[PDB]
2 protein chains.
Amino acid sequence: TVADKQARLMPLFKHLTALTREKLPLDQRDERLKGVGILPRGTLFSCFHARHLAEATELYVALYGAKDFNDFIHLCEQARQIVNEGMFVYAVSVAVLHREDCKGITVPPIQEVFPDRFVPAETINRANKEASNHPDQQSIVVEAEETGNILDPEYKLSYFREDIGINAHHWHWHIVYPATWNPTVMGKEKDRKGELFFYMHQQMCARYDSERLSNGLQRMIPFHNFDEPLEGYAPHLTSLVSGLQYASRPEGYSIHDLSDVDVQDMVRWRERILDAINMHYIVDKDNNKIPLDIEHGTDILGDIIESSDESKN
Amino acid sequence: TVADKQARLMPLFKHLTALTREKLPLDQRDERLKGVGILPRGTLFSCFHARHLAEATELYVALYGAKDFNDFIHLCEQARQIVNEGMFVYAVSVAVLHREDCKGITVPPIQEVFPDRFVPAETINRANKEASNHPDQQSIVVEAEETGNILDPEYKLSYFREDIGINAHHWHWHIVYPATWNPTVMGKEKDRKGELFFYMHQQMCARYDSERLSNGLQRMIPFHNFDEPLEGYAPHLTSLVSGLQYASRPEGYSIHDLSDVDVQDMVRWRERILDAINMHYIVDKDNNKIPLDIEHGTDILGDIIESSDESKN
């Protein structure tokens, strides 16, 4: 039944961190699996980076490809052993969302699956400590609120920024509209995904601005210049997988090139986009021009800007 | 014979400087050079600069144009007296290489023609000094190796960088494939010169990198950012022809516009080139687009990048 199906899915989601240790004599048998497994388990998975996204896409496809739900569970069970866990959650969630066979099925809570992302280093540590401190069946309760000196006014916004629901939503939205989404492979297409990308993010900003004003703060200003130094932020999140945590960002240094990408790469792309707007057309790979139609324009721009697989160039 | 022809060309080039003193009472006399007559003798000749290259090209053409070898010697003889010497060596070498009257005419070895470029000033003026110090037929021998505190690890690479053979090769290669080369005028074309330009330089870098690693040094990093200050280098080379020497450069100052060109323009040219590579086509003067074909692409790029006369734009 559906209920049974739900039960099977929940365990795909359990003890992801632990699920590592491949226990696989050979991947060769898993021909389907050959494509994935580049990213190491412990490593952090990036939703944004292209290479990471590529692996993720490869994983989803296998899941989509799965002939039946049972087959789906099997490959998933096996894949989860090798692949980086973050990528795994990402690929599986996408599969659950789209794949018909999964006409059954919620995904386990993101907050619940990775509590460490939702709550601070202290209350993670506390609940772990209490667990060890006195063994007992008894329940442990920890109040995350803390006691601290409130130095930055940005702190006021924390109710909005830190909110569990907001973070969860953002995770889910990207799952429904993956950047990697290839309509040919799935066959189905996500209507107006580029435009939606634009709208959803715009709303988040708009909503954010309302908070600042409620706060008595001015509206947020854009990252209009790349040269400017960034404000620092320390998340105080320790990623349970690892002993490592998300690195905090101290105050103020201009932007640094990464091996993967340059800054004048970045800037150039921005001018291209802003130019093509002005010209009212964008150039496809074919070197044909497509007009930024009133109907189509936002969608086309969304794909290019994000950018999705859908980007015309 | 051809070897007797050698014996004349070599003393044509022998001691360039003192064969100047134009010694033709009226400037108009050489209408043959009324188009040029811009860069004086003593001045340093730039292989890279466009204006210098233009003069050089003009010279070669005259040499190519020479009806016969005897005519070739004549114009060369007389032209050498008036033109800058560096340009002269450049133009003549190109002529010798291509012009059918010249097979089996090697050029005077570059190192031998301009010993000052190959060896340090100290062994130039020591040797000159010994010549004056005691007049005697006896031979003079000077060991260039020196003795000095070797503060910079870059010094280790000197065996590679300073090598006489390497420098000579680089000189010769540019002669075989001149940037100025105009296929219409010569009639013949240099096959895949643009690609060769790319390959030869790439190899020099690759070979260089192997030296650094042999040294235990990391691979060289590209000068991507125009803003960054350069490392200094002092050549310790003198130009006997005059008092002058190649100016040394210390490190630590960002890049300066020249009257001839501004750095900003350089950046432009790069973004221009990158775009073309990206959209897979380049724009010709005609404003037609030529594709960066798999076969053709490197060659077309080479001409544009260097850039040669061949550049499409």
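The header says electron microscopy, 6.8 Å.
Every residue gets a Cβ built from N, Cα and C, even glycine.
Noted in Swiss-Prot for the protein shown:
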BINDING   B:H170, B:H174, B:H201  Cu cation 1 binding site
Shell list (Cu cation 1; ref centroid = CB of B:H170, B:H174, B:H201; cutoff 8 A): B:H169, B:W171, B:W173, B:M200, B:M204
B:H170 (Cu cation 1 binding site), number of other Cβ atoms within 10 Å: 15
Cβ atoms near B:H174 (Cu cation 1 binding site) (within 10 Å, other residues, all chains): 17
DSSP three-state assignment for B:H174 (Cu cation 1 binding site): helix
B:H201 (Cu cation 1 binding site): tally of other CB atoms within 10 A of its CB: 15
